[PDB]
Each structure stands twice: as C-alpha cells, then as structure tokens.
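First comes the structure, then the notes that go with it.
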Amino acid sequence: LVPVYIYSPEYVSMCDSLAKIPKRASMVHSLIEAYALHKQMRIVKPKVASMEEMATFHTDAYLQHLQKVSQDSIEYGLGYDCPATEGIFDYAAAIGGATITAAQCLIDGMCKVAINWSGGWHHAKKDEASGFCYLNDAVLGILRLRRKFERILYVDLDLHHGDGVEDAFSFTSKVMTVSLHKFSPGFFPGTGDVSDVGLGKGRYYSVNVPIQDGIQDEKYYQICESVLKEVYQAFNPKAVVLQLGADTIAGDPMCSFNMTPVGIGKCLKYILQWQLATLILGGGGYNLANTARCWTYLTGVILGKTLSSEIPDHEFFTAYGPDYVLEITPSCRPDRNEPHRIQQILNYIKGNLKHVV
Ligand SMILES: CN(C)c1ccc(C(=O)NCCCCCCC(=O)NO)cc1
Ligand code: NA
Ligand code: NA
Ligand SMILES: [Zn+2]
C-alpha cells in the first residue's frame, strides 16, 4: 500500500534534457534520494508511451511529425518554447509513458498514490505542442485512470492555467478540472477566467480560480480548501490527478505567487485525506533548488514523514547554499489579491458547483 515513485536513471536523464529546465529531474530525484524517501516508496520504472497510447489524445499527424523531427512546424506548436531537438519524441514518449505507468499502478491497485514529479505538462493540445509541453501527459493519465475509475478530478496548482487539460475534458462530466493560477492579460496562457466553466454536457465541470501576484500560504490554502471541499461533495470523484508545479513558490524567477512548499502541502494533505487513487504530477518550477525543495517536501507529506531541515550532502548540495535548509521565505512584496474580488470568485464558483451533478 506504499506510494509508487516513477523513476529510473534513463527517465531522469531523458527529462534532464528538456532545454528549458536542464538537470531539474536529477536535482529533484537527487534531493529525494538524499532524504532516502525512495527507500520508503516502491520505485517503478516507467514504460515508454507507445504510439497508440499517445494517440489516445494527440492526433497522429502531430505524433508522426514529432517522430521525424526527433530524428509547418510552427503549425504543430514547435519553435521557441518547444524546440525540435534530437530526441524530443523519445522525450514525450518517456514523459507520457511515465504518467501512464503511474495511472496503471493506480488502476491495478498497486498503490494509493503514484508520483511522477517529471510530469504535469498541462498545456499541450491534441495537435499542438505548447508552453514547454510537447505532450499532455496529465490528459493521458486521466484517460488511463478512466478505464477503472468513473469520475476523475484534476486539480492543477501550477502557476499557469492548466488549459490543455481543461480543453481536453471541457465537454464531459466524467472529468472535472480545477485550476488555481495567475490570471492577468499577457501572462501565459491567458485562458481560464472564473467564467470558464466548461461546455455542453461538460458545463460547470470546469472550475477556474484566477489569482493575482503575491498570494501567500495562508490565503491560497483558504481559497483552495473552500473550492475543493465544495468540489468533493458535489462531484464525488473516484480518483484524483494532482498537478503541483512549483512556479508559485517564493524565489521562482517568475516571481508571481509567494507560496512556500508548506502551504501547497496543506492543499495536498487535504486531497490525500479523501483517501482516493491519486496521481501526483510535477510541472513548472524555474528555481531548480526550490523546486527540488518543494517536491521533496511534498514527497515527505505523502509519506507522512517530517524531514530534517538541513539539506543532506549529495550531488547538488552546493545549489542549496548559502543556508542549505529545506524551508522557504516569503519575499516581502504585496498581496495584490483584494479580498473583495476573492469572495466574488469564490461565490461564482459555488454557484457553478450547484449544477454539479
Ligand atoms: C527568461 N526566459 C528565457 C523565458 C522567460 C519566460 C518564458 C515564458 O514564460 N514563456 C511562456 C510559456 C510559459 C509556460 C511555462 C510552462 C509552465 O510552467 N506551465 O505551467 C520563456 C522564456
Ligand atoms: Na494551475
Ligand atoms: Na469536464
Ligand atoms: Zn507553470
């Protein structure tokens, strides 16, 4: 009944090759390994996603294109955010396979929790790489979980709107998506206002919480709990997919939100308490050490352990300087979230939730 840890050196190596975030998978894994948390989980080597498996969501023209490029590209969303570099198809196939493997562990009852810290690439569209995402692994995970579990809840706590996942499932009532994100014109991807609720038979089954710069642990949790509690009771999910992108975290060069891993960990504890099949994904996170600190810490809460404050010696110890501690401060900058507007967001959501289900 011990949590599944998707991990292999091939896999971490493949994920270290993402141009946007070099060496990040290693640092995350290395910190986890340094805390010996992998000794407390069941290490599962990820499958490589076969063509037909990624075909469950991505159109075949796209998939076949990635393959050749890996060996009109502006049409398939490739370019600046998504380079056509030697091996990107193997990259996508590894990330997608990893999330699929996590979900497959879940549906097989191998574990209550399965973790793929290298996943969470929530922007990719069916025929279109986007926002560093070549392949929407969260979508393929949800789709795999759907083979056994009737209703899936996707909760996305990344800084950016989980548009690709929302889009994938916006028409159905069987998957509800809940996104907490910066919403400010010009800030990627620009979608996901509170009024975005899903479409057709999927109407009211998309939830969006547009937040502004400076949010801290206390208030983010207040909001997240308020939305989740109402979501749980109305939707009654059978399994949960949870994206925990660390770009919300104090010290991220995106410098938008002002979270510490402790406040995100509260939200996680709240989801874990539902005691449901839960697929844990990573995502954004551009301060590499802090991201490692964050997910290592969340791995701690999954296991129900509290970790030493001192960063253990390991491959990447020097990146943790000068303090070499697990915890995060809080930059001192204003909380641009007027509590009036948060209450209008919260009400509007609760109103939408009364139509579920
Ligand atoms: C300094 N530098 C080289 C860059 C700075 C910002 C971006 C960017 O935000 N691009 C837009 C795509 C943002 C999505 C990031 C993926 C994510 O975290 N999803 O949640 C790119 C490059
Ligand atoms: Na999000
Ligand atoms: Na939906
Ligand atoms: Zn992000």
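Throughout, numbering of the chain's residues begins at 1 and tracks the sequence.
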Nearest-0.5 Å distance, [atom1] of residue [X] to [atom2] of residue [Y]:
X: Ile345; Y: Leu180; atom1: CD1; atom2: CG; result: 10.0 Å
X: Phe187; Y: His161; atom1: CZ; atom2: NE2; result: 12.5 Å
X: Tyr205; Y: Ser170; atom1: OH; atom2: OG; result: 14.0 Å
X: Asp213; Y: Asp335; atom1: CG; atom2: CG; result: 9.5 Å

Do you know which of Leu276, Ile271, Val240, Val227 makes side-chain contact (heavy atoms from CB on, under 4.5 Å) with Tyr232? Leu276

Given the options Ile142, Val231, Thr177, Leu153 meets side-chain contact (heavy atoms from CB on, under 4.5 Å) only with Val231

Non-hydrogen atoms of [X] and [Y] that approach each other most closely:
X: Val4; Y: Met110; answer: CG2-SD, 4.1 Å
X: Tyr204; Y: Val356; answer: O-CG2, 3.6 Å
X: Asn287; Y: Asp252; answer: N-OD2, 3.6 Å
X: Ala277; Y: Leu106; answer: CB-CG, 4.0 Å
X: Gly300; Y: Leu37; answer: N-CD1, 3.9 Å
X: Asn258; Y: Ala250; answer: OD1-CB, 3.1 Å

Within a strict 4.5 Å, meaning less than it, do heavy atoms of the [X] and [Y] side chains meet?
X: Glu225; Y: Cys267; result: no
X: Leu140; Y: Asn136; result: no
X: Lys45; Y: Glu10; result: yes
X: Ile249; Y: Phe257; result: no
X: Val44; Y: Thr101; result: yes
X: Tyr286; Y: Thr291; result: no
X: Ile152; Y: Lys238; result: no
X: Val209; Y: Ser179; result: no

Is [X] reaching over with its side chain to a backbone N or O of [Y], donor-acceptor style, under 3.5 angstrom?
X: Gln273; Y: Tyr270; result: yes
X: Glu128; Y: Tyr76; result: no
X: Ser70; Y: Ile88; result: yes
X: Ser17; Y: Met14; result: yes
X: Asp137; Y: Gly119; result: no
X: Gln212; Y: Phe183; result: yes
X: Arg333; Y: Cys255; result: yes
X: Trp295; Y: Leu244; result: yes
X: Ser226; Y: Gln222; result: no
X: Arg151; Y: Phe235; result: yes

So, [X] and [Y], do they make that salt bridge, N to O below 4.0 Å?
X: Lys266; Y: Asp217; answer: no
X: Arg144; Y: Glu53; answer: yes
X: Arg24; Y: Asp16; answer: no

Take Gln216 and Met259 through the side-chain contact (heavy atoms from CB on, under 4.5 Å) test and state the conclusion after the steps. CA-CA 5 Å; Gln216 285 217 22; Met259 295 305 280; 5.5 Å; no

Cationic tip of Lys126 within the cone over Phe57's six-membered ring, i.e. under 6.0 Å and within 45° of the normal? no

In terms of the angle between their ring planes, are [X] and [Y] parallel, tilted or perpendicular, with boundaries placed at 30° and 60°?
X: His160; Y: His123; answer: perpendicular
X: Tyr91; Y: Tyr134; answer: perpendicular
X: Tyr7; Y: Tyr5; answer: parallel

side-chain hydrogen bond (donor to acceptor under 3.5 Å, both in side chains) with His181: of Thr191, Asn208, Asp247, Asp156, only one passes, and it is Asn208

Between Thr59 and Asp127, does any side-chain donor sit less than 3.5 Å from a side-chain acceptor? no

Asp108 and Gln104 side chains, donor-acceptor separation under 3.5 Å: yes

Pair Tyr154, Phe169 - check ring-ring contact (aromatic ring centres under 6.0 Å, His included), show working. CA-CA 10 Å; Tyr154 178 76; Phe169 298 106; 8.2 Å; no

Dump the intermediate steps for side-chain contact (heavy atoms from CB on, under 4.5 Å) on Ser309 and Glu327, then the final yes or no. CA-CA 7 Å; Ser309 234; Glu327 298 73 21; 2.6 Å; yes

Test side-chain hydrogen bond (donor to acceptor under 3.5 Å, both in side chains) on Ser73 and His65 and set out the steps. CA-CA 8 Å; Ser73 263; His65 178 82; 2.8 Å; yes

Does the pair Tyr11 and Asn116 meet the rule for a side-chain hydrogen bond (donor to acceptor under 3.5 Å, both in side chains), with working shown? CA-CA 11 Å; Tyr11 180 56; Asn116 174 207; 2.8 Å; yes

Can you list the steps and then say if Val155 with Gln243 is a side-chain contact (heavy atoms from CB on, under 4.5 Å)? CA-CA 6 Å; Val155 185; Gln243 209 266 31; over 6 Å; no

Could you go through the ring-ring contact (aromatic ring centres under 6.0 Å, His included) check for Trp121 and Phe132 one step at a time? CA-CA 8 Å; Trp121 301 104; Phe132 304 171; 7.3 Å; no

Apply side-chain contact (heavy atoms from CB on, under 4.5 Å) to the pair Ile264 and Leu268, showing each step before the final yes or no. CA-CA 6 Å; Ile264 289 123; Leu268 167 68; 5.7 Å; no

Show your reasoning for whether side-chain hydrogen bond (donor to acceptor under 3.5 Å, both in side chains) applies to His314 and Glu33. CA-CA 9 Å; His314 58 119; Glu33 181 183 65; over 6 Å; no

Out of curiosity, does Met254 fall in the hydrophobic cluster containing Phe188 (side-chain heavy atoms, cut-off under 4.5 Å, transitive links)? no

